[PDB]
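J.: I am attaching a structure below and will ask some questions about it afterwards.
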Amino acid sequence: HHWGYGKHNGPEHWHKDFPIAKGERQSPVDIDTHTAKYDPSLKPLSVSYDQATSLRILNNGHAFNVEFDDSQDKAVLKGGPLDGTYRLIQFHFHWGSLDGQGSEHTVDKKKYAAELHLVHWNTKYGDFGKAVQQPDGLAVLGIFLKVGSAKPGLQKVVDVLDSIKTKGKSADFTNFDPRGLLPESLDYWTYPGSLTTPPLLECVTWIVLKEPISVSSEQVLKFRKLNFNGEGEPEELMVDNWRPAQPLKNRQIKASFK
Ligand SMILES: CCCCNC(=O)c1ccc(Cl)c(S(N)(=O)=O)c1
Ligand code: NA
Ligand SMILES: [Zn+2]
């Protein structure tokens, strides 16, 4: 009886195994755009993904992760609200059963069809597992997806999904360029929060881009053909793998713009 996204093991249950679920800096949150504070001292985000080396794509039973070689200073995020350098380790998505839901963060209560998370760890802690134990261990770049025109740089991901349909499947997945997943603008909101999945550790500086990317109906439909179950087990479509907005508590969301 492990955590997941259903009635009996979904987000409202996670606190029993992971009591930090009711902690002081949980994610995601609703971004109230009128109360976010513009901070003119915030710097442009620096996304340096030219030398990224993707390795593999994995269905972990909760989402799919595209993993990168994080053993050198390739694929780094810096600037913005961050001190120092954070290295890309993986990205994944959260999405809905329907186009009207799927994102984890919300914007003035609006839900997007999906949300991309590019996960980075602070190089001062040497590796991801030590970084998650620190309050400034991770930086996650969150990007909303709306359904409209296709995102051509997403198609390589969608096309490999058939090979990782069920929990535990993985495939070689080299030469994927995550630049093709970014919107034009790097304007962002930022706040201190947590992993949105167990173990829910309170180690993340969230950087949420204001501009969504568009993906096609066909592209998101292929995400919804994945399975939470393993091969040879009864089919449970991988949909609605998002945690709802959590209390803001004693936090301020800052804007890099307007
Ligand atoms: C036990 C791994 C379960 C799947 N969750 C993940 O792989 C995962 C890892 C790190 C982060 Cl920062 C996040 S998120 N959603 O970006 O907060 C998710
Ligand atoms: Na369409
Ligand atoms: Zn995530």
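Chain labels A, B, ... are given in the sequence in which chains occur in the structure tokens; within each chain residues are numbered consecutively from 1, and ligands are likewise numbered from 1 in the order shown.
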For residue 54 in chain A, list every protein, DNA or RNA residue within 8 Å, evaluated using only C-alpha atoms, and leave out those in the same chain fewer than 3 positions away; present the list as a list in words.

T.: residues 66, 67, 68, 69, 173, 174, 175, 176 and 177 of chain A

J.: Return as a ChimeraX atom specification every polymer residue, whether protein, DNA or RNA, with at least one atom no more than 9 Å from an atom of ligand 3; count only C-alpha atoms and all ligand atoms.

T.: /A:63,91-94,104,115-119,140,142,195-197,242

J.: Please produce an output containing C-alpha atoms for each residue in the selection, written as a PDB file, in the first residue's frame.

T.:
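Ended up saving to selection-v4.pdb:
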```pdb
ATOM      1  CA  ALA A  63       5.273   9.744 -14.141  1.00  0.00           C
ATOM      2  CA  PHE A  91      12.645  16.313 -16.042  1.00  0.00           C
ATOM      3  CA  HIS A  92       9.123  14.937 -15.832  1.00  0.00           C
ATOM      4  CA  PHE A  93       5.523  16.102 -16.211  1.00  0.00           C
ATOM      5  CA  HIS A  94       2.285  16.049 -14.315  1.00  0.00           C
ATOM      6  CA  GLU A 104       0.288  21.342  -9.877  1.00  0.00           C
ATOM      7  CA  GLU A 115       3.199  21.049 -15.925  1.00  0.00           C
ATOM      8  CA  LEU A 116       6.826  20.285 -16.788  1.00  0.00           C
ATOM      9  CA  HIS A 117       9.390  20.129 -13.940  1.00  0.00           C
ATOM     10  CA  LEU A 118      13.102  20.470 -14.768  1.00  0.00           C
ATOM     11  CA  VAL A 119      14.854  19.333 -11.569  1.00  0.00           C
ATOM     12  CA  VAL A 140      12.897  23.301 -10.068  1.00  0.00           C
ATOM     13  CA  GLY A 142       8.216  24.715 -13.720  1.00  0.00           C
ATOM     14  CA  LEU A 195       9.053  18.241  -3.643  1.00  0.00           C
ATOM     15  CA  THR A 196       5.443  17.761  -4.822  1.00  0.00           C
ATOM     16  CA  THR A 197       5.855  13.959  -4.554  1.00  0.00           C
ATOM     17  CA  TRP A 242      -0.733  15.993  -9.760  1.00  0.00           C
TER      18      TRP A 242
END
```

J.: Run DSSP on the backbone and give me the residues of range 2-240 of chain A it puts in strand (DSSP E), as a count of residues only.

T.: 72

J.: Between chain A and ligand 2, at 12 Å or less, what are the per-residue closest atom pairs and their distances in Å? Count only C-alpha atoms and all ligand atoms, order by chain and rising residue number, and return it as a tab-separated table.

T.:
```
residue	atom	partner	partner_atom_place_in_ligand_line	distance
A:99	CA	ligand 2	1 (Na)	11.1
A:146	CA	ligand 2	1 (Na)	11.2
A:147	CA	ligand 2	1 (Na)	7.5
A:148	CA	ligand 2	1 (Na)	6.2
A:149	CA	ligand 2	1 (Na)	7.2
A:150	CA	ligand 2	1 (Na)	8.2
A:151	CA	ligand 2	1 (Na)	11.8
A:214	CA	ligand 2	1 (Na)	10.8
A:215	CA	ligand 2	1 (Na)	8.9
A:216	CA	ligand 2	1 (Na)	5.4
A:217	CA	ligand 2	1 (Na)	4.4
A:218	CA	ligand 2	1 (Na)	6.3
A:219	CA	ligand 2	1 (Na)	8.9
A:220	CA	ligand 2	1 (Na)	9.8
A:221	CA	ligand 2	1 (Na)	9.9
```

J.: Could you check which of A:207, A:171, A:36, A:213 is closest to residue 113 in chain A, using only C-alpha atoms?

T.: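 Ranking A:207, A:171, A:36, A:213 by distance to residue 113 in chain A, first place goes to A:213.
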
J.: What is the CA of residue 252 in chain A to atom 11 (C, counted along the ligand's line) of ligand 1 distance in Å?

T.: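 Straight-line distance from CA of residue 252 in chain A to atom 11 (C, counted along the ligand's line) of ligand 1 works out to 21.1 Å.
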
J.: Could you work out how far CA of residue 65 in chain A lies from CA of residue 43 in chain A, giving the answer in Å with one decimal?

T.: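 A separation of 28.9 Å between them.
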
J.: Based on DSSP run over this structure's backbone, return all residues of range 27-244 of chain A in alpha helix (DSSP H), as an NGL selection string.

T.: :A and (128-131 or 155-160 or 217-223)

J.: For a quick check of understanding, using only C-alpha atoms, which of A:163, A:190, A:53, A:71 has the smallest distance to residue 225 in chain A?

T.: A:163
